[PDB]
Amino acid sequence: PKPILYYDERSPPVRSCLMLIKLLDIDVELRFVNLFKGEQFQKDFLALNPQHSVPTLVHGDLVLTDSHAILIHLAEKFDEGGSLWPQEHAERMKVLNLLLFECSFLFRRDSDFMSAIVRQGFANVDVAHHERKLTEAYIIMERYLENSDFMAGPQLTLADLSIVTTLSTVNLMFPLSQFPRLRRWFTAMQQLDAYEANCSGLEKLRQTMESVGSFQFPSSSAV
């Protein structure tokens, strides 16, 4: 059975999976769940994923409800012995470590900021607070890129796919001027053919956020 991805491309974790699907030319059925319309709370989708989150992958009997598991699963099944999810144990653990950084730190903080915008309105959000928290993530990624060419090593891995989508979303608001490593890496990610899978959903998220939060992102920020 061919994988089924429940998705809203405005979601950075969704876009990470879309990038991997494009990069590996995986044939996957797409099923749209409109998060703006609360379609993730439809009875059928909650029964499938009680966390009411996208991406959700159904591949045969396997139901994955987190992008980082989806990325790893798809790499193991369609990039057998590949380098995106490296064979050597220490290299693989480094990728896993940064995938969890995306869960625990980067996405958590960007999610906190974006949800404040919609619940409070942009003009009411404590931007300085979220700028500090998210600049802290910039600093950490800059430190990783100071010791490594890509996020998890010399070479493109799942960690870059996971991180770049959320990065590009943070960078809608907060400029990367003071982070030369992260600018260089981001530019390199944007040269990848697979980055087209991030472009469209990022722009749709921008259009949605500027309507719901009623504001305009600083256009100069985005790389």
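So that there is no doubt, residue numbering starts at 1 and follows the sequence shown.
Of the two segments, 180-188 and 42-50, the one listed with the higher mean B-factor is 42-50 (C-alpha atoms only).
The PDB entry reports B-factors from which the mean C-alpha value can be compared for 72-80 and 96-104; the larger average falls on 72-80. Ranked by C-alpha B-factor against the other modelled residues of its chain, residue 126 falls in the highest third. For residue 13, the recorded CA B-factor ranks within the lowest third of the chain. Only modelled residues enter the ranking. In the PDB entry, a CA B factor belonging to the lowest third of its chain's modelled residues is recorded for residue 160.
When the CA B factors of the chain's modelled residues are split into thirds, the value for residue 61 lands in the highest one. Residue 28 sits in the highest third of its chain by CA B factor, as recorded in the PDB entry.
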